[PDB]
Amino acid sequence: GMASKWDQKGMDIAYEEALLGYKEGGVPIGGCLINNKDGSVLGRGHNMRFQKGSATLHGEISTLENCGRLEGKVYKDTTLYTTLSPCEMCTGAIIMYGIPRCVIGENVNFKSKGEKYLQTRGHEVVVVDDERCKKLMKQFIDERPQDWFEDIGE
């Protein structure tokens, strides 16, 4: 998919969220939801598995949760920014709400069939190959492999 004028802004917010969660002792993966028109931020968040003993609050899920209850149409013209290629669960959330565009920081440390499934389902996908993200996630995996495995049900 083509780039958008809000991509740089969206990925920066996501990385900051991932840095936040990192400081808090959790999995360094952040994200944010933004309106494709005015570039407003509907919400932002990061993985809360460790911060809340959560088995479902991945970075993408936490972000949607932080946006609060919304009318369906609201999701239809937004872009979900995530520092890491979405897992099947997070992919499903994007597809269910109809979020048409997903911008991914990197898919080197992790990638599920979800990235391709989104495209197959009529969703636009962009991989930025952000080195800050890749480097941060790379570190977490090497230093806490078992915690990472658990985050992806392995």
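Start at 1 with the first residue shown and count on from there.
Mean CA temperature factor is higher for 141 to 149 when stretches 10 to 18 and 141 to 149 are set side by side in the entry. Stretch comparison (121 to 129 versus 53 to 61) by mean CA B-factor in the PDB entry places 121 to 129 on top. When the C-alpha B-factors of 91, 47, 36, 112 are read from the PDB record, the largest value belongs to 36. Set against one another, the Cα B-factors of 29, 108, 67, 96 in the record reach their highest point at 67. Among the modelled residues of its chain, residue 42 has a C-alpha B-factor that falls in the middle third according to the deposited record.
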